[PDB]
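Student: Take a look at this one; I'll ask things after.
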Amino acid sequence: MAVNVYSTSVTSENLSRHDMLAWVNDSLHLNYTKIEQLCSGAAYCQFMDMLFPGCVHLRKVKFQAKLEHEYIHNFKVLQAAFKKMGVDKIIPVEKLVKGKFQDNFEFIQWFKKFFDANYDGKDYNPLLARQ
Amino acid sequence: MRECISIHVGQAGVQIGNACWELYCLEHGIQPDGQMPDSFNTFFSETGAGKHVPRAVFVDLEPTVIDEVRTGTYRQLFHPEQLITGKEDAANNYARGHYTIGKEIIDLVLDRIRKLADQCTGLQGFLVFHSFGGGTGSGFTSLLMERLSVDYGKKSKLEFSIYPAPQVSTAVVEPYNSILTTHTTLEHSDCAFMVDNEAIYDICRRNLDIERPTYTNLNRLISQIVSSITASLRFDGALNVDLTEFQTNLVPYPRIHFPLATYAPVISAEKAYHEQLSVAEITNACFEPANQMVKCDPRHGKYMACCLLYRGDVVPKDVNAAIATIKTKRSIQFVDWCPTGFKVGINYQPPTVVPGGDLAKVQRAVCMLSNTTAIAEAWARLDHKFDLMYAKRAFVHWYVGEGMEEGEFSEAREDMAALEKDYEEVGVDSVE
Amino acid sequence: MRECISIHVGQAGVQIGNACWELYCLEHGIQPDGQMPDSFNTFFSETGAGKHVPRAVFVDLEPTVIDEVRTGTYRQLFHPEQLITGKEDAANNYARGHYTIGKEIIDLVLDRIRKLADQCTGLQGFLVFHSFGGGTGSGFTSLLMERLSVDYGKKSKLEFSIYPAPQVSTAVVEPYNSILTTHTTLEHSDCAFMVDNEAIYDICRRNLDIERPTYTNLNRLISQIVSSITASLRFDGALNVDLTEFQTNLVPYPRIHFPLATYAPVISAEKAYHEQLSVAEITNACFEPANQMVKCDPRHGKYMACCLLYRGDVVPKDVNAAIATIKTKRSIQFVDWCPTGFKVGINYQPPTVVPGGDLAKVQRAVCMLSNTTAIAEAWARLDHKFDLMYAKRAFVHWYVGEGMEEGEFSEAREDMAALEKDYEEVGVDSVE
Amino acid sequence: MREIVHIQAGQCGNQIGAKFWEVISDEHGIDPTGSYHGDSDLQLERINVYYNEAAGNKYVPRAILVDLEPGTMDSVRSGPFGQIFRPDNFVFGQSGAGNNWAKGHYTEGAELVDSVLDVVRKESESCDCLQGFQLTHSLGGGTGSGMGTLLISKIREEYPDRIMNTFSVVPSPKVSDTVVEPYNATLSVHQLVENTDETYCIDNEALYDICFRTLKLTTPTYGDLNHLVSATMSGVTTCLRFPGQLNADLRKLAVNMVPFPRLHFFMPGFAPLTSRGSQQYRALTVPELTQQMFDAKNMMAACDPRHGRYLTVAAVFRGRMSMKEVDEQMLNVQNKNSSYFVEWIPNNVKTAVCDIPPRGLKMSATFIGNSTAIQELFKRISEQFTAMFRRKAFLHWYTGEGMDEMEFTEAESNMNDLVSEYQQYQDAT
Amino acid sequence: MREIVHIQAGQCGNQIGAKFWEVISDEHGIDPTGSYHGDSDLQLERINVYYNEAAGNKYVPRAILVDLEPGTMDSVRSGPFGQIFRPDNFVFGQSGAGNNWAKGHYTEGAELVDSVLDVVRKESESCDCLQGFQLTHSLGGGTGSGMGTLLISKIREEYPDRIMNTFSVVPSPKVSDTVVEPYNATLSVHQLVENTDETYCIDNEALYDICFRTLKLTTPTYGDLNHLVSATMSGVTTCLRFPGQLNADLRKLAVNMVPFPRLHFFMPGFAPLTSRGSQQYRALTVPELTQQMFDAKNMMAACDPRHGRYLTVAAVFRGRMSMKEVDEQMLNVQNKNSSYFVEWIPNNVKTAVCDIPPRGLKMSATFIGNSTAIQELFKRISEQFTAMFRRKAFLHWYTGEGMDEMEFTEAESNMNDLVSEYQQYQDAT
Ligand SMILES: Nc1nc2c(ncn2[C@@H]2O[C@H](COP(=O)(O)OP(=O)(O)OP(=O)(O)O)[C@@H](O)[C@H]2O)c(=O)[nH]1
Ligand SMILES: Nc1nc2c(ncn2[C@@H]2O[C@H](COP(=O)(O)OP(=O)(O)OP(=O)(O)O)[C@@H](O)[C@H]2O)c(=O)[nH]1
Ligand SMILES: [Mg+2]
Ligand SMILES: [Mg+2]
């Protein structure tokens, strides 16, 4: 069971670009320098695994994706996981995969809220998940 | 050159046939007398005079339904020898259809098929119209298919089949008939298109604003789907698909040969304006579950193959664009063993409209043929229905009285169990 | 390109919508049948033929009000699917609107919005028309907004809302409905424009010399304000403002998103002559308290933001001059944390006049959107009203009977207390 | 004098072919009847490269039209220019291939192949000095792919000393036009690697992009796409058909463009492309053309040249232009974009200039790039093939026609090896 | 020979830009179609400074039009001279910026910036010797301010050796055109101080005053205001575009006018301005022009030069006039108004003379003043910023786009430092 969250208009509930990227880096043990690198979908897939044990078939996720269709494939995996958990937010896949900053930043801000709602404090070694 | 022979079995098959041949005549400008003041030629043979005759056989075990054809508007269209009737029907009994009553006319039917086929120079194959539920549609059809398979080894055979509803049935023995005929026909059919009366009724009510749709309406709708499938053969096009391609594309495993048909747009005269009806719009309509013609939930299943047949004022680029966006969407999931899911056909001829029809005239239409693991649900339901009745041997005496053996029931059921198991296995994604 | 989708909820929303769409058609030269013999296009989509269709949805839980649209003058203007009606209304009960009755059509409404939005290439956002007092206007609207927020993350949403009067009410449960809907919608709306029937009536009586103004008149007046707000998108201009700018300018703190609309000049045919109606003159008229459309006293409050939208034969320099002098005047005080108070828009198109309308034809008009701490007074009044009834649990059984919990009442009330406190805090000037 | 034989297989192959013929005919001043109505001796000088001269002063394309189904053929016959073709050069079956490479290569195609071969041989014997062959087709279907490859195999066996060129329509990246296309492509590529001397890779996805983004065509038709391809095709033989300053031909280009036998898969490009409105706002000069040629958006294969290195580039210019300028431009691109060119093939730009420009334009350019980026395309196909083959999906359609798993496996392995080879040279120093 | 790239960002930027182009075109004898219909060899001599020559003897502005919304662009296209522009040089978004610097600089603007940059690079490569760039925009909005600054940042990084000039519309003193303008201005100034070589400060308040008081226009339109700005702009490049007696250019002026890198904010002025009736009652001679130039009422920035000191003044004269006279006038102003000129920069008036006067006039003058009085403007903005920021008013609109308080704070501090610097030099001996 997974709750649902909305982002429209708030105050003192928004991480800076820098802070948010730091959080992603610490959480997943990666070295992204631009928020748009999250458009590959691998990071989101990994986060789902960390939140909800099981959930995603990580052997299918391409962690070094460089082509639009590869990114699309990762997001299909993500979409399936959202369906399984009953999260009803529509992911704007077509906009995300173009690697546009605005859309990616929007999605990460939602995802952070979603993560915070549902994270139980568990520790795991994400390197094994990756490879 | 590329002839297609149509066979209409029993009440459903015959009445759908009436609706199809009415449409064909309007599309090719053939009058009800066979006169017109190379396209039509795949469906109509030509005599010495300007008369044209359907490449068709109509068969039923009772005379009533075909007698309507004989006395009706298109009496002069068909040759008497292509309208075949017995005396007594199969009485909703597969056994009577397959054995007792059917064995008396099977030879006749096949003989007429042979004569038809002899005057074909490039026979593509057969279009077979029937129902799952009737004794003729189930028992006779199965028998007929078996004979066809032997007499004509490897030619494309396509079955348009009235699949019974979940909760809107007519006959009581429908499940028995459905199960047995599916068992017996399985190894003899290449691809079979299920369609459900409940779903079409819903469409009529919801999309066409018809309070009380009649069987006629359903038939008309079916005729559209058929026309889409055969338009690539009956007209010129930009990108074309023939009967032997569908089987290749839509059938991933030999037993899993049950795709489903969906048509768009189905709209009324007043609702036809107010909205431009683009390729994107109709394509989206296709994959929305409410417009499907089988009462099943694709959202709960996976796609294994989609074939999209567009017709009329259609632009390839636009279609490509439309498909790409649909590929993204969460509600469309495809099996993991299928990176390419789409075969696409585009034909220049817009859907032609029957005078006094329920559908509005559109510049573009599309017919989707999609194979989905969601069909497993229906099969499971039907098997359950069989189980309930068979556990008590309800109605079994009739079947055995007509020469069927009880062991054959169990055989049919186990085969269907296997089929169910096969779908489920297919469903699962690849490890590593 | 820059599409705007309009949603009309319940009786008020629908009837205001009728008045808006009548005006839009006259402004763009669109006939009641959708025909005209890139500007209009932000509000009207276009079919293959010369027909144009409003980018709008009309929703009500009972059929009566929408049935008028269906049978009325603009029956051919709207597509049937954009006029949505249930069977039974919310009976002035927020609960029925939000839960019991509303949950049956919410999916439908949203589906139609999605279809509308799909045919937009540059969706700017949503214009939502409703009332605070009705069960549909309160309960359904709140529900709808919530869904919109989730489905469409960050797109501008603007609510034109019929705020209840101090001493000129219709329903008895109005305060309950107002309070709950404000609580539930607060975090989901970006900016909400209050307007009061009492004030408009007064304006009609005092400025237009109308003995007995009807709801129609009020609706017409409202349509002017809306037209001013959207003219920058529907026409060319000198200095332009779009929907996403208003929210930035008029909203200093997330919760404090209630500006108020004022229009000038509102004059009759005989009173239209005798006076030249300059920019200075109309601007002064705007900031005089008697011409305001909420029954409140700005002289007793502070301005936090003013947006002035001028239209027609207007000269930027003149506007600047006018504003400067208003800045001086004692009766206009602004909060100390806001040295810049004005956003100014100037558009070339004069206000277009509805045949048989109450307003005279003018060369220039102006619509002021102003955010004022004086609105706190109204909130305080409404809270007091809630308190009086709730202390006795008057009418509460109805709400609970429809599945609402008593705890939610207290929750709504405390949230409103906080809001009141927030306004007051904002009011005070900076130390040091 | 250097006569070329044209072959068209399947729907795609035939539709491109017709377009190409329409282009060539206009260029050489030939009408839909076969009569010369041109206004220059240059139009007839090398007419024999593509046309046979028949009795009564008419010209007939040295073209063979092949399909397992008769509809496309009929359409071509009924088209504008349909009457110019030799009636006996249309060789068609009745059955079709059902989108199946097996049917095209082993079954239906095999029943028809001898009839094609007979025509081909006759055409060859017509010619005083046969230059070679150009085959137009798709890799994704059954006829163009399976039967086309069969034709290539047989023709090559018969005429191993003549050059075999293909214009192959490749499956696109994002959307699949057919479900079995990975099988069909994979098999076809296996044949092409061993039996063709050069292969021009063309992808509809790229073409659509060009139409929408560059040509500003809201509503492209397949005709438009075909036109582009035809323009490229005509570009490659322009130096053979008219006089020039520095004359290239098919052999020379192959020699320059192919440093190792297996690496003969090109990505073509054409310049200049402009909208109706945007044409007057520019100046068509050599540098402009060059710049248009060297970018990713103007490649007709769906791969970014910036994801690999160019092994070689051939640039063919048509029109009256200064050779010095061209040379300068060529040097400039190499110098400035050094990282996109393999360092162990110095001066890896080959230039040709033909004095006769195409009709309507004062100058134009055709680009042939042999880039290691094409490996991406192959890789994708391999992936798609694997995903399907591992579950034996659709396999009974092919095994039913006599094919075995072993053949599939070998084909896959060969494809993989090719990819590896391409990878190797991009990283080599 | 010294080619200049023009960029226009947002509504204001584009509307000024169009006006400027209309001015330049008339000056060089170019019609709305791009054709030369002038009557002098001097009009074409240096045409390449602002125009690219396209095919068929037409000229196209080296202009890029940028906006996050498509309405202003459309208007420009539909305007008189709209058809002269390169269609592919209009680079527009769909969303708009909502008067938000953040959206222009980090979000919407960032999604569009690469497309702009691509055009820019191409334009640069067109030119034989790129002189530099001029950007027209406001500081108070979202596009011109946020996206404009982003463009400046990127272009400067790419081309650090070319000069970056801005014509910036600054927020007025008495009345505010938008509510968040202090934020937008403050942020923009932070970028401008680090990334521009010279910045012309123009204020609508000043312009209106000039229109009403000097030009005697009861009812000015924005067009009129724009015209003045365009006249100034044309004035600064006049010596680069025509022959003269003592030739200046953009580099020289920057060198003379900027004694320290941060102090590059000018106040422009133009002479002669006259009414319709009042023109005949005067004589346009050098002294008259000079006197018109040196007063507070003719400055296009809302600050009194008498409240500070001039660090430097550049005066650019157009027309046939005696250099001696000009020199005398320049000396005279320095001598008589000694207290308004900083004493540690001797002879701090720089003179340029271009022989070609503007159309309709026999002589004219353009004034560029670098005055310590501009600190007033900055101070006001700082005050306004502080008043709002101390209560965190509107901050969630910017923080919502990923911005942090720290960025704001740093921007404020930098602005304050600049003010301090300016103060320092006014008091220095
Ligand atoms: N769509 C459609 N379905 C029909 C029509 N007529 C009958 N059916 C369906 O067909 C099934 C009944 O089978 P029939 O075809 O009437 O029976 P039969 O094949 O004639 O067999 P017997 O009469 O028992 O010899 C039921 O599911 C009916 O709903 C029709 O005109 N259209
Ligand atoms: N300005 C204006 N206000 C209206 C109009 N009609 C109703 N109202 C106001 O709206 C409030 C009543 O709400 P309604 O909109 O009628 O109720 P509803 O939204 O239909 O909700 P239910 O009928 O309870 O389902 C009162 O304050 C009325 O004065 C109108 O045409 N114009
Ligand atoms: Mg019957
Ligand atoms: Mg109501």
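Each chain in the structure tokens gets a letter, A, B and so on, in the order shown; residues start at 1 in every chain, and ligands are counted from 1 in the order they appear.
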Hey, which residues come within 12 Å of ligand 4 if we count only C-alpha atoms and all ligand atoms? Could you give them as an mmCIF file with C-alpha atoms, in the first residue's frame?

Tutor:
```cif
data_model
loop_
_atom_site.group_PDB
_atom_site.id
_atom_site.type_symbol
_atom_site.label_atom_id
_atom_site.label_comp_id
_atom_site.auth_asym_id
_atom_site.auth_seq_id
_atom_site.Cartn_x
_atom_site.Cartn_y
_atom_site.Cartn_z
ATOM 1 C CA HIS C 8 -18.815 25.836 -15.238
ATOM 2 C CA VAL C 9 -20.046 24.111 -12.031
ATOM 3 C CA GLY C 10 -23.652 24.170 -10.723
ATOM 4 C CA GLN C 11 -26.386 26.784 -11.297
ATOM 5 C CA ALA C 12 -24.282 29.940 -10.772
ATOM 6 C CA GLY C 13 -21.350 28.573 -12.750
ATOM 7 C CA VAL C 14 -23.583 27.482 -15.631
ATOM 8 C CA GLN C 15 -25.641 30.683 -15.853
ATOM 9 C CA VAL C 59 -21.366 20.324 -15.054
ATOM 10 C CA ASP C 60 -24.303 20.182 -12.661
ATOM 11 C CA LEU C 61 -25.666 17.352 -10.528
ATOM 12 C CA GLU C 62 -29.294 18.020 -11.614
ATOM 13 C CA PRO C 63 -30.435 18.340 -15.301
ATOM 14 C CA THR C 64 -32.639 21.555 -15.170
ATOM 15 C CA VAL C 65 -30.057 24.312 -15.644
ATOM 16 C CA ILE C 66 -28.026 22.507 -18.356
ATOM 17 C CA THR C 85 -25.678 16.305 -15.864
ATOM 18 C CA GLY C 86 -26.581 13.809 -13.154
ATOM 19 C CA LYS C 87 -30.066 13.091 -11.864
ATOM 20 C CA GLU C 88 -30.251 14.424 -8.286
ATOM 21 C CA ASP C 89 -28.612 17.635 -6.992
ATOM 22 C CA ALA C 90 -26.426 18.114 -3.888
ATOM 23 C CA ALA C 91 -29.396 19.736 -2.036
ATOM 24 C CA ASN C 92 -27.255 22.640 -0.624
ATOM 25 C CA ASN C 93 -25.104 20.020 1.072
ATOM 26 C CA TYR C 94 -21.291 20.078 0.618
ATOM 27 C CA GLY C 97 -21.417 17.426 -3.642
ATOM 28 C CA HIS C 130 -19.000 28.284 -9.285
ATOM 29 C CA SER C 131 -20.549 29.458 -6.043
ATOM 30 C CA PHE C 132 -19.454 29.019 -2.427
ATOM 31 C CA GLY C 133 -23.031 28.368 -1.137
ATOM 32 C CA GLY C 134 -24.485 25.494 -3.183
ATOM 33 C CA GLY C 135 -23.828 21.829 -2.491
ATOM 34 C CA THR C 136 -22.428 21.360 -6.037
ATOM 35 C CA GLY C 137 -20.592 24.706 -6.220
ATOM 36 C CA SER C 138 -18.994 23.941 -2.826
ATOM 37 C CA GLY C 139 -18.643 20.140 -2.557
ATOM 38 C CA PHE C 140 -18.242 19.123 -6.208
ATOM 39 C CA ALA C 171 -29.577 29.433 1.632
#
```

Student: Could you give me the residues within stretch 38-86 of chain E that DSSP places in helix (DSSP H, G or I), as a PyMOL selection string?

Tutor: chain E and resi 42-45+47-49+71-78+82-84

Student: I need the contact residues of chain A against chain E, so if you could list those with any atom within 12 Å, counting only C-alpha atoms, and return them as a list in words, that would help.

Tutor: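 Here is what falls inside 12 Å: residues 7, 8, 9, 10, 11, 12, 13, 14, 15, 16, 17, 18, 19, 20, 21, 35, 36, 95, 98, 99, 100, 101, 102, 103, 104, 105, 106, 108 and 109 of chain A.
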
Student: For the selection just defined, write its residues with N, CA, C and O atoms to a file, as a short mmCIF file (atom, residue, chain, number, x, y, z; two decimals), in the first residue's frame.

Tutor:
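As a result, result-v9.cif now contains:
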```
data_model
loop_
_atom_site.label_atom_id
_atom_site.label_comp_id
_atom_site.auth_asym_id
_atom_site.auth_seq_id
_atom_site.Cartn_x
_atom_site.Cartn_y
_atom_site.Cartn_z
N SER A 7 1.60 18.41 -5.59
CA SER A 7 2.44 19.61 -5.50
C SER A 7 1.86 20.71 -6.39
O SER A 7 1.71 20.50 -7.59
N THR A 8 1.51 21.85 -5.79
CA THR A 8 0.98 23.00 -6.52
C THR A 8 1.59 24.29 -5.97
O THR A 8 2.38 24.93 -6.67
N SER A 9 1.24 24.65 -4.73
CA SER A 9 1.65 25.92 -4.12
C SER A 9 1.92 25.75 -2.63
O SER A 9 0.98 25.53 -1.85
N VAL A 10 3.19 25.84 -2.23
CA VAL A 10 3.62 25.68 -0.84
C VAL A 10 4.73 26.67 -0.47
O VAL A 10 5.32 27.31 -1.35
N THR A 11 5.01 26.78 0.83
CA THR A 11 6.11 27.61 1.35
C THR A 11 6.90 26.82 2.40
O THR A 11 6.32 26.12 3.23
N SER A 12 8.23 26.95 2.35
CA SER A 12 9.17 26.21 3.22
C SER A 12 9.05 24.68 3.12
O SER A 12 9.30 23.97 4.10
N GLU A 13 8.67 24.18 1.94
CA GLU A 13 8.54 22.74 1.67
C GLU A 13 9.12 22.40 0.28
O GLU A 13 8.60 21.53 -0.42
N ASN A 14 10.20 23.09 -0.09
CA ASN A 14 10.85 22.92 -1.39
C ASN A 14 12.37 22.94 -1.23
O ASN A 14 12.93 23.94 -0.79
N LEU A 15 13.02 21.83 -1.58
CA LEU A 15 14.49 21.76 -1.55
C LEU A 15 15.09 22.49 -2.74
O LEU A 15 14.53 22.48 -3.84
N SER A 16 16.24 23.11 -2.52
CA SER A 16 16.97 23.75 -3.61
C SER A 16 17.44 22.67 -4.59
O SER A 16 17.47 21.48 -4.24
N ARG A 17 17.81 23.09 -5.79
CA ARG A 17 18.31 22.15 -6.79
C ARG A 17 19.52 21.40 -6.23
O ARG A 17 19.62 20.17 -6.33
N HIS A 18 20.42 22.16 -5.63
CA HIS A 18 21.65 21.60 -5.06
C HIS A 18 21.36 20.57 -3.96
O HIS A 18 21.94 19.48 -3.96
N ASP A 19 20.49 20.95 -3.04
CA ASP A 19 20.17 20.09 -1.90
C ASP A 19 19.51 18.80 -2.40
O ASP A 19 19.85 17.71 -1.94
N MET A 20 18.59 18.95 -3.34
CA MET A 20 17.83 17.81 -3.85
C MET A 20 18.76 16.83 -4.55
O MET A 20 18.69 15.61 -4.34
N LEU A 21 19.67 17.37 -5.34
CA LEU A 21 20.65 16.53 -6.06
C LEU A 21 21.56 15.83 -5.06
O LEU A 21 21.90 14.67 -5.25
N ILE A 35 20.08 17.67 -12.81
CA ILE A 35 18.82 17.01 -12.45
C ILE A 35 18.27 16.26 -13.66
O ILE A 35 17.62 15.22 -13.49
N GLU A 36 18.56 16.75 -14.87
CA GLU A 36 18.05 16.13 -16.10
C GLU A 36 18.59 14.72 -16.33
O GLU A 36 18.02 13.97 -17.12
N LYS A 95 7.56 13.95 -21.90
CA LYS A 95 8.31 15.14 -21.52
C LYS A 95 9.60 14.81 -20.76
O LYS A 95 10.64 15.46 -20.97
N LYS A 98 12.78 13.51 -22.97
CA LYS A 98 13.46 14.54 -23.75
C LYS A 98 14.57 15.20 -22.93
O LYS A 98 15.37 15.97 -23.46
N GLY A 99 14.59 14.90 -21.63
CA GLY A 99 15.62 15.41 -20.74
C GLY A 99 15.45 16.89 -20.41
O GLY A 99 16.43 17.57 -20.11
N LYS A 100 14.20 17.38 -20.47
CA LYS A 100 13.92 18.78 -20.17
C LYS A 100 14.03 19.05 -18.67
O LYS A 100 13.51 18.28 -17.85
N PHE A 101 14.70 20.14 -18.31
CA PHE A 101 14.89 20.50 -16.89
C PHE A 101 13.60 20.67 -16.10
O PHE A 101 13.43 20.03 -15.05
N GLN A 102 12.70 21.54 -16.59
CA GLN A 102 11.45 21.88 -15.90
C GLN A 102 10.66 20.64 -15.50
O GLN A 102 10.23 20.52 -14.36
N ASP A 103 10.41 19.76 -16.46
CA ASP A 103 9.60 18.58 -16.22
C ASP A 103 10.30 17.63 -15.24
O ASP A 103 9.67 17.08 -14.31
N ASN A 104 11.60 17.47 -15.44
CA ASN A 104 12.36 16.57 -14.58
C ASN A 104 12.38 17.09 -13.15
O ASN A 104 12.19 16.31 -12.20
N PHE A 105 12.54 18.39 -13.01
CA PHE A 105 12.56 19.00 -11.69
C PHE A 105 11.20 18.85 -11.03
O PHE A 105 11.12 18.62 -9.85
N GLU A 106 10.13 18.99 -11.80
CA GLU A 106 8.78 18.81 -11.29
C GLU A 106 8.60 17.39 -10.77
O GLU A 106 8.07 17.16 -9.67
N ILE A 108 10.91 15.19 -9.85
CA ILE A 108 11.72 14.85 -8.70
C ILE A 108 11.13 15.47 -7.42
O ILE A 108 11.14 14.82 -6.39
N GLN A 109 10.54 16.66 -7.53
CA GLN A 109 9.95 17.27 -6.35
C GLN A 109 8.76 16.48 -5.86
O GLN A 109 8.60 16.32 -4.66
#
```

Student: Just need the residues of chain C within 10 Å of chain A, counting only C-alpha atoms, so spit them out as a list in words.

Tutor: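 Residues satisfying the distance criterion: residues 146, 147, 149, 150, 151, 152, 153, 154, 155, 156, 157, 186, 187, 188, 189, 190, 253, 254 and 255 of chain C.
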
Student: Could those residues be written to a file, using N, CA, C and O atoms, as a CSV table (one decimal), in the first residue's frame?

Tutor:
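Written out: again-v7.csv:
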```csv
chain,number,residue,atom,x,y,z
C,146,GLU,N,-9.3,19.2,-6.5
C,146,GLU,CA,-8.3,18.2,-6.0
C,146,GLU,C,-7.8,17.3,-7.1
C,146,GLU,O,-6.6,17.0,-7.2
C,147,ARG,N,-8.7,16.7,-7.8
C,147,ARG,CA,-8.4,15.8,-8.9
C,147,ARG,C,-7.5,16.5,-10.0
C,147,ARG,O,-6.5,16.0,-10.4
C,149,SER,N,-5.6,19.1,-9.6
C,149,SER,CA,-4.2,19.3,-9.1
C,149,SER,C,-3.3,18.1,-9.2
C,149,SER,O,-2.2,18.3,-9.6
C,150,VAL,N,-3.9,16.9,-9.0
C,150,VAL,CA,-3.1,15.7,-9.1
C,150,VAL,C,-2.8,15.4,-10.5
C,150,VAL,O,-1.6,15.2,-10.9
C,151,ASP,N,-3.8,15.3,-11.3
C,151,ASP,CA,-3.7,14.9,-12.7
C,151,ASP,C,-2.8,15.9,-13.5
C,151,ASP,O,-2.0,15.5,-14.2
C,152,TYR,N,-3.0,17.2,-13.2
C,152,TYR,CA,-2.2,18.3,-13.8
C,152,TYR,C,-1.4,19.0,-12.8
C,152,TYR,O,-2.0,19.9,-12.1
C,153,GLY,N,-0.2,18.7,-12.5
C,153,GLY,CA,0.6,19.2,-11.4
C,153,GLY,C,0.7,20.7,-11.2
C,153,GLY,O,0.0,21.2,-10.3
C,154,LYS,N,1.4,21.4,-12.1
C,154,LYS,CA,1.6,22.8,-12.0
C,154,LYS,C,1.1,23.5,-13.3
C,154,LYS,O,1.9,23.8,-14.2
C,155,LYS,N,-0.2,23.6,-13.4
C,155,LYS,CA,-0.9,24.5,-14.3
C,155,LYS,C,-1.8,25.5,-13.6
C,155,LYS,O,-2.5,25.1,-12.6
C,156,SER,N,-1.8,26.8,-14.1
C,156,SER,CA,-2.5,27.8,-13.5
C,156,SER,C,-4.0,27.5,-13.4
C,156,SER,O,-4.6,27.1,-14.4
C,157,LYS,N,-4.6,27.5,-12.2
C,157,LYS,CA,-6.0,27.4,-12.0
C,157,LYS,C,-6.6,28.6,-11.3
C,157,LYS,O,-6.1,29.0,-10.3
C,186,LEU,N,-8.4,25.4,-0.6
C,186,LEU,CA,-7.3,26.3,-0.3
C,186,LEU,C,-5.9,25.9,-0.9
C,186,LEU,O,-5.3,26.7,-1.6
C,187,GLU,N,-5.4,24.7,-0.6
C,187,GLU,CA,-4.1,24.2,-1.0
C,187,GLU,C,-4.1,23.8,-2.5
C,187,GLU,O,-3.0,23.6,-3.0
C,188,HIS,N,-5.2,23.8,-3.2
C,188,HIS,CA,-5.3,23.4,-4.6
C,188,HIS,C,-5.6,24.5,-5.6
C,188,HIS,O,-5.4,24.3,-6.8
C,189,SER,N,-5.9,25.7,-5.1
C,189,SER,CA,-6.2,26.8,-6.0
C,189,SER,C,-5.1,27.8,-5.9
C,189,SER,O,-4.5,28.1,-4.8
C,190,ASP,N,-4.7,28.5,-7.0
C,190,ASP,CA,-3.6,29.4,-7.1
C,190,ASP,C,-4.1,30.8,-6.8
C,190,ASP,O,-3.3,31.7,-6.4
C,253,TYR,N,1.7,35.7,-0.5
C,253,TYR,CA,1.9,34.5,0.4
C,253,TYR,C,0.9,33.4,-0.1
C,253,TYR,O,-0.2,33.7,-0.6
C,254,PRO,N,1.3,32.1,0.0
C,254,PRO,CA,0.6,31.0,-0.6
C,254,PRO,C,-0.9,31.0,-0.2
C,254,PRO,O,-1.8,30.8,-1.2
C,255,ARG,N,-1.3,31.2,1.0
C,255,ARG,CA,-2.7,31.1,1.5
C,255,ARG,C,-3.5,32.3,1.2
C,255,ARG,O,-4.7,32.2,1.0
```

Student: Hey, what's within 12 Å of residue C:319 if we count only C-alpha atoms and toss same-chain stuff fewer than 3 positions away? As number ranges by chain, please?

Tutor: C: 239, 278-284, 308-311, 313-316, 322-326, 342-346, 364-366; E: 175-177, 208, 219-221

Student: At a cut-off of 12 Å, which residues of chain B touch chain C? Count only C-alpha atoms and give the answer as a ChimeraX atom specification.

Tutor: /B:206-209,268-278,280-282,284-285,288,325,362-363

Student: DSSP says strand (DSSP E or B) for which residues of stretch 107-319 of chain B? Put them as a VMD selection string?

Tutor: chain B and resid 125 to 131 156 to 162 191 to 195 237 to 239 260 to 264 303 to 312
